[PDB]
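Before any questions on how it binds or moves, here is one chain, the form solved without the named molecule, in structure tokens.
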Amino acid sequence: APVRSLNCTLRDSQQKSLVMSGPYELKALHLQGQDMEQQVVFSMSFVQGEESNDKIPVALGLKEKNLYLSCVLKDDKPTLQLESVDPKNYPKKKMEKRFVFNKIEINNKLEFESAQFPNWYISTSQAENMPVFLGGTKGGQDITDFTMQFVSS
């Protein structure tokens, strides 16, 4: 791993955390009280990619598990999904556009664009208890912004 990983959690702009309600399924909802222990933790890693001025390609891989978020097409329709990669070869300096997310910073908020399908970012449903997914809606009603938080281990 000739790179630098970063342990950090993720929260939406409405104050909600992400939880692994299933193997390859995550859900974003309100979390508070001792029930916070039900919060997942990702591991951001700075990788190589379209190094722009505000674009920072990284890799979000569950710390404990070896699942790496990936943008795949489901009938010509981009979507978000968890794909178990090699727990030995990953992470690394280079990554497939699928595991590469351009971390952008706008209005003091973060926006992850699928290095594979530009214009499509990671969004959540304002609704309560809903699976996370990839949406092609810059703002509007879908919550595409987010908030990362460094942690320790």
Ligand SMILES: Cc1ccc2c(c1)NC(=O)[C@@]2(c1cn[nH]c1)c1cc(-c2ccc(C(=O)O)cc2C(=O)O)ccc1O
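Position 1 is the first residue in the sequence shown; the rest follow in order.
Omitted from view is the form solved in complex with the named molecule, to which the following refers.
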> Open or blocked: the named molecule, posed as in the bound PDB entry, superposed onto this form via site C-alphas, with 3 or more ligand atoms within 2.4 Å of backbone or C-beta counting as blocked?
Replying inline: blocked
>> Does the named molecule, in the bound PDB entry, lie within 4.5 angstroms of each residue among 31, 127 and 143, using heavy atoms as the measure?
In response: no
> If you check in the bound PDB entry, is residue 86 within 4.5 Å of the named molecule, heavy atoms only?
Replying inline: no
> Might residue 50 be said to contact the named molecule in the bound PDB entry, defining contact as any heavy atom within 4.5 Å?
Replying inline: yes
